[PDB]
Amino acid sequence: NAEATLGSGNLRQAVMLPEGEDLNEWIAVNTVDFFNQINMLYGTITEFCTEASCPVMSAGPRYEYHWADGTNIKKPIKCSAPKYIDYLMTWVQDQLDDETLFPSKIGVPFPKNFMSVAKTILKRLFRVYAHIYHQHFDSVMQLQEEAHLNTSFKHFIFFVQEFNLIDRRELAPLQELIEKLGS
């Protein structure tokens, strides 16, 4: 079996909006959590994701990904998966380390555009999962971490599903696996 999961509390309850909680704060704290998880999980296989194995960042032959630059004005960039994903990790961490967007203090409110910023983060976090599953699940099995990977993805996709933060068309590279876990 390779669809195994780890023991844990009920993940559907774990992603529910607690009573009296601000939705932005709930999105913020879980986004910081999920980024660290996928950043840790990608670090396990980083020596297997190379320029030779992944010349084009993708989730399989049909889902080629391009990088939309946030500072330079240029058509989205077609690049390797190691270049794309470490582009992405430093970019996300810069967002979370910005008190303007993810305020940790009490007296600082969330920006008017916080939702759009978080859903762009959550969209790109999904693409690291999809690249790992499609192109590196053999390395996942050789390190015996299927259950931890699946459990992290299960937690992540339940939170996205709970609040509808990624479009279904973007979840397409893993539609079969998504409906397998949520049943």
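Superpose the two forms; the largest set of C-alphas matching within 1.5 Å is the rigid core. Residue positions are given as counts along the sequence shown, with the first one as 1.
**Q** Fitting on the core, do the C-alphas of 126-134 or of 60-68 deviate more in 6 other deposited structures of this protein?
**A** The answer is 60-68, which departs more from the shown form in 6 other deposited structures of this protein.
**Q** Over the set of other compared entries for this protein, does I73 lack coordinates in at least a third of them?
**A** Yes, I73 lacks coordinates in at least a third of the other compared entries that model both of its neighbours.
**Q** On mean Cα temperature factor in this entry, is 32-40 or 112-120 the higher one?
**A** Stretch with the higher mean C-alpha B-factor: 112-120.
**Q** Mean CA B-factor: is it higher for 69-77 or for 102-110?
**A** Per the PDB entry, the higher value belongs to 102-110.
**Q** Going by the entry, which third of its chain does the Cα temperature factor of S139 land in?
**A** Lowest third of the chain for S139's C-alpha B-factor.
**Q** Within this chain's modelled residues, let me know which third the CA B factor of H148 belongs to: lowest, middle or highest.
**A** It falls in the bottom third of the chain.
**Q** Looking at the temperature factor on the CA atom of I85, which third of the chain's modelled residues does it land in?
**A** Answer is middle: the recorded C-alpha B-factor places it there.
**Q** Sorting the chain's CA B-factors, does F48 end up in the lowest, middle or highest third?
**A** Highest third - that is where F48 ends up once the chain's C-alpha B-factors are sorted.
**Q** Taking the values exactly as deposited, rank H131 by C-alpha B-factor within its chain and report the matching third: lowest, middle or highest.
**A** Ranked within chain, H131 CA B lands in the lowest tercile.
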